[PDB]
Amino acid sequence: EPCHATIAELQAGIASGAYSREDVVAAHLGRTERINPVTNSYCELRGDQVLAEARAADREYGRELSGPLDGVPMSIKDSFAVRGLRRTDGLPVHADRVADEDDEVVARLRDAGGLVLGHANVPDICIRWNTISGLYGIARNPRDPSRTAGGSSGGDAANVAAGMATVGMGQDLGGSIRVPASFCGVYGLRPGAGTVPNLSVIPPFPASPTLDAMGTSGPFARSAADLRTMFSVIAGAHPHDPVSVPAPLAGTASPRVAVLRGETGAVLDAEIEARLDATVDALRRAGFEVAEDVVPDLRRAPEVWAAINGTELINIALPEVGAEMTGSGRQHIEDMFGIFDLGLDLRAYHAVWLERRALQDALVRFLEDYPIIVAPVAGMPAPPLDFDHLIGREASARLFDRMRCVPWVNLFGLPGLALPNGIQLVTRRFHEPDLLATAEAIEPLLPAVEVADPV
């Protein structure tokens, strides 16, 4: 069916009169009546409204294809404002926070053919690795509903995984896109800093300089060419976003490759060690000069990130948001990031911030000779829903130890492409195409993605 079809695929059907947009959405909406009570991936769905857009587009254009995403149903995170939906951020206090405007990224997609089905579920403050929300509920991995969907953007990945949407939209401050990706088996792109505009009406978090360097907005999809498509739509610099850069995207024709096992001090299972090792061969098969043992030690990088973020979460964020937050996540943050809390003294914040530049200054010189880095995302296969429910410290720390390959990409404002095998690809800033290109080469060689069935 369409729900299991690529963007171009479902587009060709519309073209050939096979299926109308009205069909494509409605089919998706019906599947969502069936599957979503299980996954809990969508929180607010605009079925009546979206169907109107399906009809009208079907009317005016018909077999005509409007934009690259004409007739493409999409899953939009709660964090990206959509008109007629709510920027709840998972909090009961913000239930009637109706959105009057669409963030530029959203507007960008709808301009190319939106068919935005509904708002995907997120954690309480979008700062968790499990999509557990006080308001909506708990996202359940369609693969194994006992397991976790993902961190922040998990709802989106659930909607893409469970065929309830062709593509989805997420953000990656702290692996908040690449992690949920690996867990749902979907494709996930965190764009680099400067490629995608972030212009939020009602915004999650403030516009700290940390999310300006470490946080980005990215797509979810079940094909590499789906990903490339959604990227090309949202990509582009906007004057109103100062973090947006008027810089052309780039690509190296001869990308030498490198693998990062333990340079971030992570504790990875032989499951994902094998998946990584698998991905490596595919590359060299596709004429990629992959190398090992050549990556400089970035053991501190996750920690630097942990400290910067953690410090602000505890000292600045929580003393307001802890009131309406889930005590699950409150205690998660306290337990997880409480170690690296640099305290209220700024001399320490400055200190850790300067080490970042130390590491980074090194990383950028490396990527000149090793532009692409294959590496483990989760370091853990999809954990249970209870993985972080009121777990103790040491326990909280041990998780961080495993998920230690996720954050370094955020810290250094690097583009991180998550393959469905739960391995990622990371490159130089503005070289985001290089990842999409190389991920098109491993798409054939590696296992193909299939829609999930909570049947």
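Position 1 is the first residue in the sequence shown; the rest follow in order.
Look at the mean CA B-factor for 257-265 and for 231-239 in the entry; the higher one is 257-265. Stretches compared: 241-249, 270-278. Higher mean C-alpha B-factor in the entry: 270-278. Out of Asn309, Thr195, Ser152, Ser200, it is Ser152 whose C-alpha atom has the highest B-factor in the PDB entry. The PDB entry gives the largest Cα B-factor of the residues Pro209, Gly218, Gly322, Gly175 to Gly322.
Ranked within its chain, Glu432 lands in the lowest third, by CA B factor from the PDB record. Sort the modelled residues of the chain by CA B factor and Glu64 lands in the middle third.
Placement of the Cα temperature factor of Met380 within the chain: highest third of the modelled residues, per the deposited record. Among all modelled residues in this chain, the alpha-carbon of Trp408 has a temperature factor (C-alpha) in the lowest third. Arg190: CA B factor in the lowest third of modelled residues in this chain (values from the PDB entry).
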